[PDB]
Amino acid sequence: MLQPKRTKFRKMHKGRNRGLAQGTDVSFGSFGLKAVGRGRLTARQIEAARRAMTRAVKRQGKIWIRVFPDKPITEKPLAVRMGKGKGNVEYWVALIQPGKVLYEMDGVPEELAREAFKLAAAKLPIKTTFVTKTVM
Amino acid sequence: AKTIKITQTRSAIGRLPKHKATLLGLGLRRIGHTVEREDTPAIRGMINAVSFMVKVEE
Amino acid sequence: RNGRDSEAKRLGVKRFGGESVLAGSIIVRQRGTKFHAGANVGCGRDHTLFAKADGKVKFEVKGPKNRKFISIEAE
Amino acid sequence: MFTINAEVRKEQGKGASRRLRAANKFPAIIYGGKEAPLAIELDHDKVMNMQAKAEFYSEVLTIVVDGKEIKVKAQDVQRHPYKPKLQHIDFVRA
Amino acid sequence: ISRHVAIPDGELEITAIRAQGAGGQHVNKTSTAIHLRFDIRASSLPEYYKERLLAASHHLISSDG
RNA sequence: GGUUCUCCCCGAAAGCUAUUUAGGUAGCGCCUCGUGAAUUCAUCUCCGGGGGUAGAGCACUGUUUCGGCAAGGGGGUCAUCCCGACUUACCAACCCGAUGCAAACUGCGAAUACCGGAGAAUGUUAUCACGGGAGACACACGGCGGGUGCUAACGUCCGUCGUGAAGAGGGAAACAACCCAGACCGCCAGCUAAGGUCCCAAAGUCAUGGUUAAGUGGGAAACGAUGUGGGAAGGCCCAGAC
RNA sequence: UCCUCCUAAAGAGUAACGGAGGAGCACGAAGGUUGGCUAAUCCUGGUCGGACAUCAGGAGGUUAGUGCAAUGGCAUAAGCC
RNA sequence: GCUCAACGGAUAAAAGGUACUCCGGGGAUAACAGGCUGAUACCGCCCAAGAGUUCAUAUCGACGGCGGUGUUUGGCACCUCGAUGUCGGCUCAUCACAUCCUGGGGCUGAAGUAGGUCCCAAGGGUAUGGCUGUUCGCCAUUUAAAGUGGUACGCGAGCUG
RNA sequence: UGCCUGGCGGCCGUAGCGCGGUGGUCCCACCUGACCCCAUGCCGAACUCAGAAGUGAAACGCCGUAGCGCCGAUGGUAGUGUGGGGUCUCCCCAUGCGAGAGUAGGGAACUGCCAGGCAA
């Protein structure tokens, strides 16, 4: 997992998830995995795919994880009554909006890069899509 | 300041007091009301807000 | 395990810009000093900018640092 | 070198913009210098494949609106977030 | 030296059966939350210790393990 | 817990504050009656205003990724006792460029809402002040903006509007709170609303052009698949391709 | 019980066993007025002094400071002498 | 002159027990059950490194994910506190299929015998006892198999207590 | 009046910074001395007096420079009041309102009062 070092707070609001994404463009790499859907990517999910992605390309190329969870969402201990303050932080989720590019890759030929992301897609909950960079 | 007829089509029950008072400002009372007024942005502005439930007859 | 609060102290603008006030009429009730006193406007110990003369209100932004000022024109 | 036919718009806002985006068309804007920014509407389908050619972003076009041909250059593009499709292209009148 | 309790989740079958004793009518209707284990000898993995956990007699573990 | 004849008129709330108070009560808000008063009050147009929320942005409070750079602690050929020559393959900040996040961040910033003034029309004066008498202070749900919850609940707690509460009638098969719509009364009168028009059951087995083979319609996901229609583009192609 | 920010949906106000921290004082001076002054942290050199001693110059710029928790505010200083 | 900090302060005053309990009320508010949800549990599935001599998918399958059922434990208090007798055993059962056996088939890391796994199928069948109040469970020994659950976790105006 | 300088306001980053050049009858700064008024929690630097030979580096003004900061359309997008709809943990449609960011481009100020100077 990827935990943000030294946060200002501990626990916050759950907020709302709506709106499109910022990183529509593809930089730092050649190809990427843009997110079509709108969901919640937990830390263990993001960790799972990235490990499994470099497994496919076999150490050649570099990865750009253009996101970070940094939003602590709690859980109450089971069988407890609804009340008595907020429970403890359990994991880290990042809100992914439609159009957010998750992982990047360069220095690797298209086809092998194609299957790596395709095998990285099955670890994710939300519906994604493949995307190619473009000059301007 | 041209003479213009205003028709009330729908009923105002599930509306806001802002929209309900607009009907009171135009004299529209019951369903099937035809009252003759004049034109100016002050009057037409009232029709501009609730044009969904009122029908205009210039 | 903290659950404490404070009953709000009613801040803000009680008499907005464009209305004729009386002498001693509180214009803006501010905790800080965002607004600074202009012509015929006094500053209290709680920096509550109130009126001195009688007339209408003008929210004129003046000063090199562009702080917001309020004055009163005799109206 | 791009036969991009276009028509001058008459409705330029939010509501009318998408009604033609549903009819396979997207708006553009030709601006440059002292002239007035001409509201341009063009067919979406065509340019969807025209930007596949890399030299499209660095060369002059042969865009014609009402007979007369204007020479312009591609400035920038605002594409759709997740759906790989065009929305609005900024044209610098060259 | 490096001690972190494993106890494999997805390897241990936990059975919740009712309790025993006194305490009213509360103890015999919703006291099924009481736990009874199920740790088969087939989830060993040290290869030598689990059989030495089966041969030497003690309670909590039957004649099968 | 119960509280017995009739008609007519108007018409609530389940909120704030305090409470040895939380199923009670008092004041106010809301209601009714009487009285006295100012084009008083509401909607709309215009004008004069501050707000900083949504969104957005990343100088600032923090946080995040990559690239360029970089002293210091240390590893080492070593000082082979400090100094010191050099490198740095190392932890590699400070800084520059590029990429994102934020209720408790703002170099920015709406729509609405709100306050004041002017003008027209409408409204049995709907605004306010005073006096008598009240009730009530356990609210529910739906839309929207949110906290908590598991972005579960016919869940719980707030802002706001509607409705029920205290409103039947029509529709959603049945169904307070969903949609349409406000019952003075009589009629074997007509026209429309939401919703529907083969039959049960009032209304078209309506008109034209397309679509699906699953009874899909008539419960649902990731994912998989020469189901199949439409549109665009690309490869090869009677120097005859699959 | 009181105070600050957020929740609080850009007026005010608005609840929860919702999210974060403080108060139950201090002072004749840190009050009033007059006059002057206004930084923090780094780079450089220099007696021991080296991580930060003092001074000098420079960059920088209010990230300082303000008896205290937090917010707003402050040099026309409410900051310092 | 009051930390009258329960801080609009009743008045210093005042700790507890009640299964010997009693009275007035409440499903506004708990225990069993039903209802909504499905965190948990159970079941199925997607992806796939690896194990499996070779080989991802004979057989399992980490790291992660998407759904279903409403049987475990729970969340909420919507129904009943001017009553809904609550465990287990006996008795009598009935239904569903995610099937223990019989039956019909695919694959096999299926030679034969004997097995593993999955699909179709609910007509019928689906232990006797020791120990414990027990459901469960353990054990001895049989059997083609001694299935899993719903039915107030069936059934006390039928029985035992 | 063309230009100058100094003082005080309006407008108050298009107005301001960094860099290069440059001005002195007049003006300003620097500068000379400080036994006298006054001054340093030491010190003629700051403060103030009495003069002002000399200079124009510094300071300030002026010109060029966009080398930086700043300003900022048109269009589109986000958002959204109101009335409807869907697949209703979010979006679509009609309609009114309409950003921020970014691009083109603009841009190193303008103006008033007063006092003497300058060739009048």
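Residue numbers (the entry's author numbering), protein chains in the order written: chain m, 1 to 136; chain z, 1 to 58; chain w, 7 to 81; chain v, 1 to 94; chain 8, 4 to 68.
Every residue gets a Cβ at the ideal spot worked out from N, C-alpha and C, and that includes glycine.
Can you grab the Cα-Cα spacing for the pair residue i / residue j, in whole Å?
| i | j | result |
| --- | --- | --- |
| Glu115 (chain m) | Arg21 (chain 8) | 52 angstroms |
| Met1 (chain m) | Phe68 (chain m) | 10 angstroms |
| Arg16 (chain w) | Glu81 (chain w) | 28 angstroms |
| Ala23 (chain v) | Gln51 (chain v) | 20 angstroms |
| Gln8 (chain z) | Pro17 (chain z) | 17 angstroms |
| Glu35 (chain v) | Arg30 (chain z) | 55 angstroms |
| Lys20 (chain w) | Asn72 (chain w) | 23 angstroms |
| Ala43 (chain m) | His13 (chain m) | 18 angstroms |
| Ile43 (chain z) | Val101 (chain m) | 52 angstroms |
| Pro77 (chain m) | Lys20 (chain z) | 50 angstroms |
| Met105 (chain m) | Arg51 (chain m) | 14 angstroms |
| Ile73 (chain m) | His80 (chain v) | 31 angstroms |
| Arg51 (chain w) | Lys74 (chain w) | 19 angstroms |
| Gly68 (chain 8) | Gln23 (chain 8) | 24 angstroms |
| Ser27 (chain m) | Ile4 (chain 8) | 46 angstroms |
| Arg7 (chain w) | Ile37 (chain 8) | 31 angstroms |
| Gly83 (chain m) | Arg10 (chain w) | 16 angstroms |
Below 8 angstroms on the Cβ atoms is my guess for residue i versus residue j; work out the distance and round it to an integer in Å.
| i | j | result |
| --- | --- | --- |
| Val34 (chain w) | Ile76 (chain w) | 7 angstroms |
| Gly38 (chain w) | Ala57 (chain w) | Incorrect: roughly 20 angstroms between the Cβ atoms, too far for contact. |
| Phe41 (chain 8) | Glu16 (chain 8) | 4 angstroms |
| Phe91 (chain v) | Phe2 (chain v) | That belief does not hold up - the Cβ atoms of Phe91 (chain v) and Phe2 (chain v) are roughly 12 angstroms apart, past 8 angstroms. |
| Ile70 (chain v) | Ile29 (chain v) | Actually they are not in contact, since the Cβ atoms of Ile70 (chain v) and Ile29 (chain v) sit about 13 angstroms apart, beyond 8 angstroms. |
| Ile47 (chain z) | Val35 (chain z) | Between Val35 (chain z) and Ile47 (chain z) the Cβ distance is about 12 angstroms, and since that is not below 8 angstroms, they are no contact. |
| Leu63 (chain 8) | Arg44 (chain 8) | So it is not a contact: roughly 13 angstroms between Cβ atoms. |
| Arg10 (chain m) | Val89 (chain m) | 6 angstroms |
| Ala54 (chain v) | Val135 (chain m) | 7 angstroms |
| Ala1 (chain z) | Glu38 (chain z) | 5 angstroms |
Going by DSSP, what residue range makes up the beta strand (DSSP E) through residue i?
| i | result |
| --- | --- |
| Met105 (chain m) | 100-106 |
| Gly45 (chain z) | Not the beta strand (DSSP E): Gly45 (chain z) falls in the alpha helix (DSSP H), residues 41-49. |
| residue 95 (chain v) | Examination of residue 95 (chain v) is not possible in this model, given that chain v is present from 1 through 94 alone. |
| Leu41 (chain m) | 39-42 |
| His29 (chain 8) | From DSSP, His29 (chain 8) is part of no beta strand (DSSP E); its letter is neither H nor E. |
Under 8 angstroms between the Cβ atoms of residue i and residue j?
| i | j | result |
| --- | --- | --- |
| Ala94 (chain m) | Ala49 (chain m) | no |
| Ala6 (chain v) | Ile89 (chain v) | no |
| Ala19 (chain 8) | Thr33 (chain 8) | no |
| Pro125 (chain m) | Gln45 (chain m) | yes |
| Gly61 (chain m) | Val108 (chain m) | yes |
| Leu55 (chain w) | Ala45 (chain w) | no |
| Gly15 (chain v) | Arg93 (chain v) | no |
What first and last residue would you give for the alpha helix (DSSP H) that runs through residue i?
| i | result |
| --- | --- |
| residue 1 (chain 8) | This structure cannot settle anything about residue 1 (chain 8), because the visible part of chain 8 is limited to 4 through 68. |
| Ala116 (chain m) | 110-121 |
| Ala16 (chain v) | 15-21 |
Decide yes or no for the touch test of the stretch 120-130 of chain m against the stretch 30-50 of chain m: beta carbon pairs closer than 8 angstroms, at least 3 of them. Enough Cβ pairs lie closer than 8 angstroms, so yes.
Do the stretch 61-77 of chain m and the stretch 25-36 of chain z touch if we need at least three Cβ pairs shorter than 8 angstroms? By the Cβ rule, the stretch 61-77 of chain m does not count as touching the stretch 25-36 of chain z, because fewer than three pairs are nearer than 8 angstroms.
Are at least three pairs of beta-carbons, each pair with one atom in the stretch 54-74 of chain w and one in the stretch 29-48 of chain v, less than 8 angstroms apart? When C-beta atoms of the stretch 54-74 of chain w are compared with those of the stretch 29-48 of chain v, fewer than three pairs fall below 8 angstroms, so the two segments do not count as touching.
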